[PDB]
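Both ligands and their constituent atoms are indexed starting at 1 by order of listing. In what follows, every chain begins at residue 1, and chains take the letters A, B, ... in the order their sequences are listed.
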Amino acid sequence: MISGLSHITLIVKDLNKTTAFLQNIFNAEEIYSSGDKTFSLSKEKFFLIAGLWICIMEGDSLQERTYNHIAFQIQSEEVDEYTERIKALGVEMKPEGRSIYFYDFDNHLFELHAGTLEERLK
Amino acid sequence: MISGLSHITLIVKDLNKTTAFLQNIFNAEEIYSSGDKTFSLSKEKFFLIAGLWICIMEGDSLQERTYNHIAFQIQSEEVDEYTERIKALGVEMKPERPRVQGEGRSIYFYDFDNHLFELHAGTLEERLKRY
Ligand SMILES: [Mn+2]
Ligand SMILES: [Mn+2]
């Protein structure tokens with residue numbers, strides 16, 4: 001059986017920029033970094049966000065924006081908080097349980113969700 | 001701060017066909033179907049795949065293929081069995097990728113909507129154990 005989630009890898013054009021993004025918004029915690037353009041090895045980093053192993057690799061950004069997305073959990077008391085924090089990165093946002101939708105610099109639609117599965121159904 | 005992962009939402013052209021895919025390969029547990037009620041903004045179903053809340057919505061968006069992927073954990077003793085289960089379903093599988101020491105065995109395959117999936121038999125701990 002599938003023990004659970006291993007990790008999630010995203011491709012981005014600028015690793016440095018995306019990193020600040022993950023650090024400013026998700027408080028991502030870089031734990032690994034590799035790569036060497038002069039040795040023809042793509043650069044990539046591993047971050048930890050709320051216990052999840054997130055890998056970022058440098059490459060081409062999604063050529064288009066779709067509604068496929070990854071959503072992280074936040075308390076409903078912090079919606080306004082995270083909404084303003086995101087509005088501050090210049091990134092474009094797409095204006096029960098309240099949710100915040102926004103893209104990174106590579107067309108990856110992310111969401112900050114207030115509310116859980118249990119609530120969702122019940 | 002972020003409490004954790006809420007869910008992952010994928011967009012597919014054929015919900016019923018994608019559902020079979022998930023239930024067969026990932027033993028996905030369906031816990032919700034917009035069909036369960038009357039009047040639903042869209043055709044969608046929610047599944048539980050190894051703790052994760054996976055949501056599927058029927059749509060037309062068919063993003064290009066990229067190395068953006070989601071990887072689930074498995075044991076290395078199960079790599080053959082999963083390769084067999086995937087082969088049996090006729091789903092496309094990528095060749096083995098080049099790896100550094102401490103990466104672990106992996107299986108890469110797509111669904112029917114350009115969603116690259118991975119079954120990983122390694123651990124982050126073995127990948128950080130080196131300089
Ligand atoms: Mn969502
Ligand atoms: Mn991977």
Q | Count of N, O or S atoms belonging to protein, less than 2.8 Å from the Mn ion (ligand 2) | A | 3
Q. Is a side-chain donor-acceptor pair under 3.5 Å present for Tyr103(A) with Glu92(A)?
A. no
(Q) Regarding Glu58(A) and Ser42(A), do their side chains bring together a donor and an acceptor under 3.5 Å, going by distance alone? (A) no
**Q.** Side-chain donor-acceptor pair present, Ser3(B), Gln75(A), cut-off under 3.5 Å
**A.** yes
Q.
Can you confirm whether the side chains of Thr123(B) and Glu125(B) place a donor and an acceptor under 3.5 Å from each other?
A. no
Q.
Please check if the number of heavy atoms outside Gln101(B) that lie under 6.0 Å from its CD is greater than 12.
A. no
**Q.** Aromatic ring pairing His7(A)/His120(B), orientation class (parallel under 30°, perpendicular over 60°, tilted between)
**A.** perpendicular
